[PDB]
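Descriptive analysis of the structure
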2 protein chains.
Amino acid sequence: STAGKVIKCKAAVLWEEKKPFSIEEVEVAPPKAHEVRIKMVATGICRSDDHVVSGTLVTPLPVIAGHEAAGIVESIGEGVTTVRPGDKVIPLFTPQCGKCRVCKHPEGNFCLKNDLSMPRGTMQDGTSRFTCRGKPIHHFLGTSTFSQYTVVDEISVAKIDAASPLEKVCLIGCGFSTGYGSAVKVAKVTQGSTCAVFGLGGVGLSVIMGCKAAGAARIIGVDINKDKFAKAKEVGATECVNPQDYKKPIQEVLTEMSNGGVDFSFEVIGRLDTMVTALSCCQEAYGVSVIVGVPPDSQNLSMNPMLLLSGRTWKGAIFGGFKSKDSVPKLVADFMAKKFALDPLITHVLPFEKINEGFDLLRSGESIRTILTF
Amino acid sequence: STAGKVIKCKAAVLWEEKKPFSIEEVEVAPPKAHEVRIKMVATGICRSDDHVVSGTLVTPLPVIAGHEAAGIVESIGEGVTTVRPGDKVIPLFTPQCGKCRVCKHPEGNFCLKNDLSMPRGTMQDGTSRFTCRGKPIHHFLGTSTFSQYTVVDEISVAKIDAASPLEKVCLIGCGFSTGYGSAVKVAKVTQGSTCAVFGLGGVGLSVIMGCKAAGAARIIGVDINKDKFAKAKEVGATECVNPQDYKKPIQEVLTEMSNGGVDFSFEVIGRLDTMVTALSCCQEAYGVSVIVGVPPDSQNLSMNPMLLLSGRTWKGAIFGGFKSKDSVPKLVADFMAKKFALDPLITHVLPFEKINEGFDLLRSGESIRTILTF
Ligand SMILES: NC(=O)c1ccc[n+]([C@@H]2O[C@H](COP(=O)([O-])OP(=O)(O)OC[C@H]3O[C@@H](n4cnc5c(N)ncnc54)[C@H](O)[C@@H]3O)[C@@H](O)[C@H]2O)c1
Ligand SMILES: NC(=O)c1ccc[n+]([C@@H]2O[C@H](COP(=O)([O-])OP(=O)(O)OC[C@H]3O[C@@H](n4cnc5c(N)ncnc54)[C@H](O)[C@@H]3O)[C@@H](O)[C@H]2O)c1
Ligand SMILES: OCc1cccc(F)c1F
Ligand SMILES: OCc1cccc(F)c1F
Ligand SMILES: [Zn+2]
Ligand SMILES: [Zn+2]
Ligand SMILES: [Zn+2]
Ligand SMILES: [Zn+2]
């Protein structure tokens, strides 16, 4: 009924860095060819959304942020073949065009159509579907889920199980899949190995889930906020350490705890120094370290390449290394088959209009994932 | 006839940094328990030996350097089981104790008994078997092959085929195995892939051999000395580029040539800048870059961790990833079955007494490998 028409709805607009989100009346254009308009049902608050506010992550402003979500297709543009009105969908902040060199590669998932590398904050066609008082509002990662309605390119949406609980599976759109895949797909954590996980937020907890599912014997959680430790243990951490408790550097502590270095480490915070620390604390000859955290824009780390020459492997990934359109439906199906739990990540549930409270909670350290509902 | 006696012989002693080797009389003690004294037959000049002269690689002085060699066992200490007098042998600069957590790991080769990480310049028991001018002289990487006779620990020597040509197979002691393994074992180069090799000396040429053996479709050799290009092509390079011929940085050129980045890159020089460049030129989502070159002591590089977050893999290795004592005899066996060639790496042969000339040849850019014969 609203198909082919402009929709007037509420969205959370970020006009300036370091300000609250502003709930505004926006207009959402109808989808053009190969585009999909989605009615949002739930969206998670991910630290990466906060990075937009803080200036950690640079993207064109003003902007509708939000990238971890699930909704129902309101309508489709001409030529769309992979979803239909009424379908449950998860937007993909990393697209899967299926045609680029990366999409064709067996392991690669960072599709060249992504709006992450050099953000334009638009649809694939270089334009915006959002206006606020006649002013164009930028998109974010081709998703923009902090809105009652959004429009995405077809390559940035996956159809999921019609019976799926959107208020939970929205986490598969970023936090869970990133964390879990970083362990299971990128690191390829082995049975009986020792792992160290730096950062015990939503993503780091999902890394622990992945390490536990892979059969790691030891999973050492590292966080400067000790209130994070109880949930870390609940999901599989065998021990937790707070660097603030020690008079010495935590890589030393972890090297002694692990009798010469860990098998697998993960940086799930977004700091240069913890990226170097995580690399150092893996075993010098065969250890692997995976960067998951997003560091501050344009900042370089300093490291000694002898750390690598001895035989360490250092790698990073987006979205847990999952080819997004292929994997998101299977991860939902796996959730339905009770292969993993999502409830441990959800600490708060708030209506969408309370977005700023949701971010206050994240920033204060009290929440893991707040789910915003419509 | 010399068994159990102190041997008086010639060795090239390095007394101070940035000075010629001094060929003089040294005294070589008989082997103690689990030690093996070797009459040297041939030794190659590796860039790493020159790094000791230049102070790029720090090890205690005064020293008998040299680590890429082959010889014949003169005598054994009590309890030695793996070699006998008269056996042909290759000293192992990376030991294989067989007992440490690294030796027991399926992937690791950087045995914890190595003398590379925290150089002492001794035998395993922390003493030296060399005396010169009444002074004790340090060992180098438990090998010290720039001497008519040396003493090595049993874990640092492998028995090889009795009919092998030592004036060739000495290269399996470092340069060949390092380069070859970096390609075939560490990087795990795939059939049909594109490779970029930075540095076309003995080790880089060996990397090319490995890339060709792995069935790479394209192998791009990169060197600032165009005189290296012909040999590179002979051993499998499909193209060669000199950074100095281009206005854009070579990472950009290489990215263009490969339609978005190479599958595998190798730094085989030993510069911080080329380490970062080699990382950058591999495809951002699934590229792998291997550091082989030895950088100047205690210097850190600076890099943007976004190069890894997109999905790149960065690693390095000692000795091409090979478990040294297992691998060296198999590599010799393969050489005698003509599975690879060593002749292309050998540009000069000189008697040992002309060691300084051999180093001049390396420093001038004229040679790949000079073999010294005793
Ligand atoms: N690579 C990807 O695809 C991807 C996907 C999602 C999120 N991320 C990034 O992953 C990171 C984690 O996101 P999240 O949503 O879990 O965040 P979060 O803020 O919930 O978790 C970060 C945790 O790190 C801890 N921490 C902060 N400083 C620390 C320090 N010095 N030492 C130890 N712990 C410290 C905090 O106490 C917190 O628990 C962020 O940088 C985010 O942008 C990356
Ligand atoms: N990891 C290991 O186990 C291991 C083993 C052997 C050697 N190495 C190291 O590997 C490196 C190569 O050894 P080698 O014996 O082949 O040395 P080499 O000196 O013969 O070759 C190095 C090559 O790099 C080229 N080069 C110099 N600057 C360059 C620049 N900016 N760009 C491109 N090319 C440049 C030189 O012209 C030369 O051809 C050295 O650092 C050595 O110490 C490491
Ligand atoms: O949280 C996903 C994400 C969003 C923006 C930028 C990133 F690098 C990233 F990983
Ligand atoms: O050339 C072998 C070698 C010798 C000394 C130090 C090194 F890192 C190394 F790789
Ligand atoms: Zn996210
Ligand atoms: Zn693609
Ligand atoms: Zn060498
Ligand atoms: Zn060992």
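Residues numbered from 1 in each chain as written, not as in the entry; some residues may be left out. Chains lettered and ligands numbered in written order. Heavy atoms only, no water.

Cut-off, in case you're wondering: UniProt positions are given in the numbering used here, feature names are shortened, and annotations may be inferred rather than shown by experiment.
Per the PDB entry, chain A goes by Alcohol Dehydrogenase E chain and derives from Equus caballus. As recorded by UniProt, the Subunit comment attached to chain A reads in full: "Dimer of identical or non-identical chains of two types (E and S) coded by 2 separate genes at different loci." Quoted verbatim from the Subcellular location field of the UniProt record, the comment on chain A reads "Cytoplasm".

Quick notes on the coordination of the zinc ion (ligand 5)
Residue and element names in this part refer to chain A. Our working rule: The rule for donors is simple: N, O or S, within 2.8 Å of the metal, or within 3.2 Å if the metal is Na, K or Ca. Water isn't counted, so a site may look like it is missing partners. Every angle between 85 and 135 degrees makes a four-donor site tetrahedral, while opposite donors more than 155 degrees apart, with all other angles between 65 and 115, make a four-donor site square planar and a six-donor site octahedral; other sites are irregular. Helical segments are the DSSP runs of H or I of at least four residues, strand segments are the runs of E of at least two, and each set is numbered from the N terminus. Burial classification: accessible surface area is computed with a 1.4 Å probe over protein chains only, and a residue below 20% of its type maximum counts as buried, one above 50% as exposed, and the rest as partly exposed.
Surrounding the zinc ion (ligand 5) are the protein donor atoms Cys 46 (SG), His 67 (NE2) and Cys 174 (SG), at 2.1 to 2.4 Å. The site at the zinc ion (ligand 5) holds 4 donor atoms, and with the angles between them running 92 to 124°, its shape is tetrahedral. Taken in sequence order, the residues that donate to the zinc ion (ligand 5) follow the motif C-x20-H-x106-C. Here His 67, found in the loop between α1 (47-54) and β4 (69-76), pairs with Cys 174, found in the loop between α3 (166-169) and α4 (175-187); they are 107 residues apart in sequence, far enough to count as distant. The pair formed by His 67 and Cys 174 is uniform in burial state, with each residue classed as buried.

Quick word on the sheet that holds strand β6 (residues 130-132) of chain A
Residues and elements named next belong to chain A. To be explicit about the condition: Any two strands with at least two DSSP bridges between them are considered paired. Only C-alpha atoms enter the line fits that serve as axes; for helices the fit covers just the stretch in contact. Angles between N-to-C directions range over 0 to 180 degrees.
One open sheet holds the 4 strands; their spatial order is β1-β2-β6-β7, and the pairing between them is antiparallel. With one partner strand each, in any of the chains shown, β1 (7-13) and β7 (135-137) form the two edges of the open sheet. Neighbour-to-neighbour, the strand axes of the sheet open up by a mean angle of 45°, direction not taken into account. Here strand β2 (residues 22-28) pairs with β6 via 2 bridges, running antiparallel. The partner of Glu 27 across the bridge, within β6, is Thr 131.

A look at the pattern of salt bridges
All names here are of chain A. This is how the line gets drawn: Throughout this description, the term salt bridge denotes a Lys or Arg side-chain nitrogen within 4 Å of a carboxyl oxygen of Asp or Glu.
Considering all chains together, one arrives at 26 salt bridges over all chains under this definition. For the salt bridge of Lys 339 with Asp 334, the shortest nitrogen-to-oxygen distance reads 3.7 Å. What makes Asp 334 partly exposed here is its relative accessible area of 27%. Via salt bridges that share partners, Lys 32, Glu 35, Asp 125 and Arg 129 belong to a single interconnected network.

Some thoughts on the pairing of strand β13 (residues 264-267) of chain A
All names here are of chain A. Under the convention used in this document: A crossover counts as right-handed when, viewed with the strands pointing away from the observer, the path leading from the first strand over the helix to the second turns clockwise.
Burial along β13 is two-sided: the residues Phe 264 and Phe 266 and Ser 265 and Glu 267 are all buried. Inspection of the sheet shows β13 paired to strand β14 (residues 288-291) by 4 bridges, in the parallel sense. If you follow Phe 264 over to β14, its bridge partner there is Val 288. The parallel pair β13 and β14 is bridged by helix α8 (residues 272-281), and the resulting crossover is right-handed.

So, the UniProt feature "binding site: an alcohol" in chain A
All names here are of chain A. Our working definition: Contact criterion: two residues are considered in contact whenever any of their non-hydrogen atoms come within 4.5 Å of each other. Here a polar contact is taken to be a pair of N or O atoms separated by no more than 3.5 Å, where protein atoms must pair a possible hydrogen donor with a possible acceptor and residues adjacent in sequence count only if both atoms sit in side chains.
UniProt feature "binding site: an alcohol": in the numbering of this structure it lies at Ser 48 and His 67. Across 20 residues of sequence, these annotated residues stay compact in space, with a maximum C-alpha separation of 8.8 Å. With respect to the helices and strands, the residue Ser 48 is situated in helix α1. Residues within four places of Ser 48 in sequence aside, it is in contact with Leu 57, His 67 and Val 294. Apart from residues no more than four positions distant in its own chain, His 67 is found in contact with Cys 46, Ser 48, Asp 49, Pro 91, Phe 93, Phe 140, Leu 141, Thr 143, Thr 145, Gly 173 and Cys 174. A distance of 2.7 Å separates polar atoms of two side chains, one belonging to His 67 and the other to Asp 49.

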